[PDB]
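Neighbour counts run over all protein chains shown; Cβ positions are idealised from the backbone, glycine included. Any read-out appearing in this document is the output of simple, stated calculations on the displayed coordinates, not a laboratory observation.
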Amino acid sequence: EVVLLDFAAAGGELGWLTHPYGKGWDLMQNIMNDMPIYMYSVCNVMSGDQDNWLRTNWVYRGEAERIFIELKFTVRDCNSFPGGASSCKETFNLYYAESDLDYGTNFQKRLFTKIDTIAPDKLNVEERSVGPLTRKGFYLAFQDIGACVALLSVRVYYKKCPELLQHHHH
Amino acid sequence: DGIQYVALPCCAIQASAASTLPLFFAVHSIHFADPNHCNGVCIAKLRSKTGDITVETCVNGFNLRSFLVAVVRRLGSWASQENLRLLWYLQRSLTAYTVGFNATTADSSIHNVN
Amino acid sequence: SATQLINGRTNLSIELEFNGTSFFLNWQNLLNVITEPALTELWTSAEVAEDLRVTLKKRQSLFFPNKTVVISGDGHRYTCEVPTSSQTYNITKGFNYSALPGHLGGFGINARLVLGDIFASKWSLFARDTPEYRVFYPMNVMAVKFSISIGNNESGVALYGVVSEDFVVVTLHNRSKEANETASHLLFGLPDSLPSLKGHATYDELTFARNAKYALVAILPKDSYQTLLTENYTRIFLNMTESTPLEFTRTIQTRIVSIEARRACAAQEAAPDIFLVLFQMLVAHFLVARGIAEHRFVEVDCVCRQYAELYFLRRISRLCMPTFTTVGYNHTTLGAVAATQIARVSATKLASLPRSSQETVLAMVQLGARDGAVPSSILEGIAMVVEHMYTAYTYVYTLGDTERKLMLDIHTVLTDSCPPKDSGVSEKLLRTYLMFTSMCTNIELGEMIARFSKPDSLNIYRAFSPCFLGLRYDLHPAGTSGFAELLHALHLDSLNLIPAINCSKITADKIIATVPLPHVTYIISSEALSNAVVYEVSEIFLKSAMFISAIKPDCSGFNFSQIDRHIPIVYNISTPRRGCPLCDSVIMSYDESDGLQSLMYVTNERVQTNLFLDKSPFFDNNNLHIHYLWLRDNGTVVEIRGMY
Ligand SMILES: *[C@@H]1O[C@H](CO[C@@H]2O[C@@H](C)[C@@H](O)[C@@H](O)[C@@H]2O)[C@@H](O[C@@H]2O[C@H](CO)[C@@H](O)[C@H](O)[C@H]2NC(C)=O)[C@H](O)[C@H]1NC(C)=O
Ligand SMILES: *[C@@H]1O[C@H](CO)[C@@H](O[C@@H]2O[C@H](CO)[C@@H](O)[C@H](O)[C@H]2NC(C)=O)[C@H](O)[C@H]1NC(C)=O
Ligand SMILES: *[C@@H]1O[C@H](CO)[C@@H](O[C@@H]2O[C@H](CO)[C@@H](O)[C@H](O)[C@H]2NC(C)=O)[C@H](O)[C@H]1NC(C)=O
Ligand SMILES: *[C@@H]1O[C@H](CO)[C@@H](O)[C@H](O)[C@H]1NC(C)=O
Ligand SMILES: *[C@@H]1O[C@H](CO)[C@@H](O)[C@H](O)[C@H]1NC(C)=O
Ligand SMILES: *[C@@H]1O[C@H](CO)[C@@H](O)[C@H](O)[C@H]1NC(C)=O
Ligand SMILES: *[C@@H]1O[C@H](CO)[C@@H](O)[C@H](O)[C@H]1NC(C)=O
Ligand SMILES: *[C@@H]1O[C@H](CO)[C@@H](O)[C@H](O)[C@H]1NC(C)=O
Ligand SMILES: *[C@@H]1O[C@H](CO)[C@@H](O)[C@H](O)[C@H]1NC(C)=O
């Protein structure tokens, strides 16, 4: 496993893009087990339409053919608030797009393709897989439909099959 | 529009926050918990702003509630009617958090998902 | 660094996640109302980051009662309103003190100025590094502070408290030569006005008793004094609330006498016993001050007489515990009102007042006398009140309860007084001291000695002997009360100096009595003196020595030729009617074996004609063991031997 992007291993120094500006995802620094644990989250679940996006940085491919996405996150239930699931959900979409050069601050929510709806199994952790990769690099974006999700760690890697062994002890 | 909720109502009191506790004039929000949810432990949560980063700190709900009780009691006649309902909530929320409250509901490390 | 730069916002949102409600606090409303440096202390004192493992251990250390014992309510009203036939005076900065009627304070005065003089000192209470920092947030209250300390330099006990107009706190901190920082706290006052507790305690869990106005809280640990945990606080709450104001001042009095009965005044073992008495004393001040706030105007007479009750309790404790200290009150209004109410009372017009009116007058002199302001019009007035009391005393040779209370009020006035400037006033005061000595007969000694030997039923208001203001010294007999010697020492310490006491080599342990006649002072002692003539008693078996040394106040000598120390004898008593030659003279009786019996100063012609009576210390016919000496203004001493 060659890790391409790990968010928890950065230590808050890795900043992502939050669209739009006012509401949406926010980088929060919580302390657990006497150590800081950063996280992106949003819990705006009482309003109506919210296309809250969160685009990552540039991840160089190098030799990545099929990438795997690991998501360490927590989800709060909807029946806790006195809302009766008006606009509260327990899932969020995951998108992905390609790019040869780092756009920087540019974020167009039309070049991204929906991979799959992330559903919980309370540290609900699920893993995805998509491919193949064509261009020199790619981006990753998280979309909130109005759920209360706290994203802790994101791991992106590709699996490498090691050298096969010959039965004659080489 | 109204009360905006927090993703993690639960937290765990670390023995480092006493050394790195934010002062009173830096706390953004004082999000509390319920005697039924979040394992029924008396626990509060403070929010701050450290370089465009929303810093969350776990805080003892007993001491923080008694702190606000003294702040409203210090106002006396200058206290608003909604401030008296704040004192009203802290009065029964404390006496409801104190009932029971053995070593089981004192273990805050249950919500320490690291 | 930054004070307001840390917050650019306006609200302080308080989110209740699982109910969907939120409260707010305006930051500006918190800054210009609560002191900005006081909020940071409230934040640091809270210790909001304290682990719940410690707060649980704190509740496991305190002692909680079973349940509140709330009672009918409203207790006894510690109130005294101006009567229906009133005359109220809305006093302001106008300074209309010359327009106040009478001299007995039968008028009214606003309570906001009286309370402003009771609690006139800010005290930073519950600060850090103190045992009250664990239970109470730091607070600054204007109130009166009490404090006691008993123990050695190794181990000690610290009793200290504060009486506010809303609550009273008392503390029992343990000062040892090691660290044990756990104190016992007692509370009393308005339940909604009590000092806010910390995060590990509430008042509903710790209130022991309650009525319609006040409550009773006791924050004491489980390892506190065993006499505190096993104490019925509901009974204490009832005896304090339902008792009349005079019953409280007398019950607390008997407590201090009981502590003085045993040798526990300076014993740190019976510290919680003193801690409970100090708590009752502080409640007595609270109830009086609280009852003043319950009215728009109050009567000057009541407050001045209610102060005298509390001032007597504070000064009777300071004699048992010298470390007793009360600070905070500055009675400047009543001190100025009584300044005009006393200027109308002349010396000749003070003795004309009856017992109750004289009590009201002397109750107002005490406000200025606690620092000492006694005007000459009152000192000369006290001389006439005692002179009339002494001339009437010679008819029955007994003192009633209303007369002994008068001598107690006079005691609490002359003992707290600077020496008079005018020499003519000082000579009239020494006549009163010589008069109280006259009423201090042998019958009175054994009467007060036996009465002060029963501290259970002791009532100094009714047991005050005239010997406590007299110049006689052989009062000690050589678990009984010791206030007889303590009250007398208060008068001997703050005593106007005898004029001829600085002309000899007097040793004040071999002294029986001092007789300061006009321009001559006799000194009944055990050893002769060096200045002037000496008269020796010719009794063979006296079990002591008696030398009557007569000194002149000017360190001078007499003109008559002193050849020896024998006392001549004049026999024929004739009950002198030829113009009072016994005037300005003291007749002396002494047992030929057991020292002295009695001294009597002959001032009035009625006193003279009353010495020749039965039930009197002098001139007993069959009783020959007692002799009668005549110490006169001649400077000469002679023995009177007429019928016998
Ligand atoms: C807890 O909240 C209720 C009301 O919740 C409201 O409804 C939710 C769906 C959410 O939208 C909240 O923001 C709302 O405030 C509080 O109570 C009501 O108060 C009104 C008067 O304002 C009264 O007429 C109702 O009877 C109340 N309802 C109940 C059930 O008591 C309630 O006060 C909150 N609790 C506390 C401790 O503050
Ligand atoms: C005693 O007199 C004072 C003034 O002499 C009264 O006080 C104030 O009077 C002004 C009128 O000029 C009012 O505006 C204030 O509201 C008054 N103050 C208060 C506290 O009421 C005072 O009321 C008088 N006291 C009584 C009992 O009548
Ligand atoms: C503590 O003192 C109280 C008195 O204040 C005692 O109680 C009262 O007992 C009578 C019965 O004779 C009841 O009618 C009263 O109601 C009680 N007082 C109150 C305030 O309710 C009580 O028994 C004492 N307890 C102990 C253990 O000595
Ligand atoms: C004590 O803790 C137990 C947990 O084992 C809990 O069930 C119980 O309710 C607690 N006691 C009280 C009085 O709440
Ligand atoms: C503070 O609360 C009031 C309503 O209580 C709101 O109108 C105001 O916008 C709030 N302050 C800020 C800075 O949002
Ligand atoms: C104070 O010290 C005495 C003597 O050691 C002890 O009996 C008492 O229990 C102590 N009180 C507290 C509150 O520690
Ligand atoms: C209070 O107690 C004293 C003795 O300590 C007693 O003489 C008095 O009657 C009591 N008062 C009441 C109201 O019970
Ligand atoms: C009492 O107040 C007056 C002001 O009227 C002041 O002059 C005096 O010094 C004060 N007394 C004390 C002991 O502070
Ligand atoms: C003084 O002594 C003489 C005798 O020499 C006597 O007559 C006179 O009465 C004495 N003085 C007084 C005041 O008794």
### Query
Quick check: is even one residue across the stretch C:84-101 facing another protein chain (nearest Cβ under 7 Å), more than 16 Å from ligand 4 (Cβ to nearest atom) and part of a loop (DSSP other than H, G, I, E, B)?
no
### Task
State the number of residues belonging to the stretch C:468-485 that are within 13 Å of residue C:512 (Cα to Cα), surrounded by 15 or more Cβ atoms within 10 Å (Cβ to Cβ) and not charged (D, E, K, R).
4
### Task
Answer yes or no as to whether residue B:113 is closer than 24 Å to residue B:8 by Cβ, more than 10 Å from chain C (Cβ to nearest Cβ) and more than 16 Å from the chain's Cα centre (by Cα).
yes
### Query
Could you list, in sequence order, the residues of the stretch B:31-78 that are among the hydroxyl-bearing types (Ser, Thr, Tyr) and either in a helix (DSSP H, G or I) or more than 8 Å from every other protein chain (Cβ to nearest Cβ) (or both)?
B:48, B:66, B:77
### Query
For the stretch C:402-444, which residues satisfy the criterion of being surrounded by fewer than 18 Cβ atoms within 10 Å (Cβ to Cβ) and hydrophobic (A, V, I, L, M, F, W, C)?
C:418, C:443
## Note on the structure
Restricting the stretch C:20-36 to residues that are facing another protein chain (nearest Cβ under 7 Å) and of a type in the set (S, T, N, Q), the one surrounded by the most Cβ atoms within 10 Å (Cβ to Cβ) turns out to be C:22
### Scope the stretch C:208-223; condition of a type outside the set (A, V, I, L, M) and crowded, with 21+ Cβ neighbours inside 10 Å; matching residues
C:208, C:214
## Note on the structure
Note on the stretch C:512-548: residues over 36 Å from the mean Cα position of the chain (by Cα) and closer than 16 Å to residue C:502 by Cα are C:528, C:529, C:530, C:531, C:532, C:533
### Query
Quick one: would you say residue A:110 is in a strand (DSSP E or B) and basic (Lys, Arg)?
no
### Query
Under 9 Å by Cβ, and 6 or more places apart or on different chains, what pairs join a residue from the stretch C:390-405 that is more than 12 Å from residue C:466 (Cβ to Cβ) with one that is among the β-branched types (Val, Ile, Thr) and surrounded by fewer than 19 Cβ atoms within 10 Å (Cβ to Cβ)?
C:394/C:609
### Task
Provide a single number: the residues in the stretch A:117-167 that are among the acidic types (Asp, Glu) and under 12 Å from the mean Cα position of the chain (by Cα).
3
#### Entry: Residues of the stretch C:37-53 satisfying the condition of being within 9 Å of chain B (Cβ to nearest Cβ) and either touching a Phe, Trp or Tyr at 6+ places or on another chain (Cβ under 8 Å) or part of a helix (DSSP H, G or I) (or both)
C:38, C:39, C:40, C:42, C:43, C:44, C:45, C:46, C:48, C:52, C:53
### the stretch B:89-105, residues that are facing chain C (nearest Cβ under 10 Å), in a helix (DSSP H, G or I) and hydrophobic (A, V, I, L, M, F, W, C)
B:90, B:94
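Residues checked against (1) at the interface with chain B (Cβ under 8 Å from one of its Cβ atoms); (2) over 26 Å from residue B:13 (Cα atoms):
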position	(1), (2)
A:1	no, yes
A:7	no, no
A:13	no, no
A:17	no, yes
A:35	yes, no
A:46	yes, yes
### Query
Among the residues of the stretch C:195-213, which ones are among the basic types (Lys, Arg) and within 7 Å of chain B (Cβ to nearest Cβ)?
C:198
### Summary
Of (1) more than 7 Å from every other protein chain (Cβ to nearest Cβ); (2) crowded, with 16+ Cβ neighbours inside 10 Å; (3) over 14 Å from the mean Cα position of the chain (by Cα), residue B:3 fails just (1)
### Summary
Here the residues within the stretch B:6-26 that are of a type in the set (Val, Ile, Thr) and facing another protein chain (nearest Cβ under 7 Å) are B:6, B:13
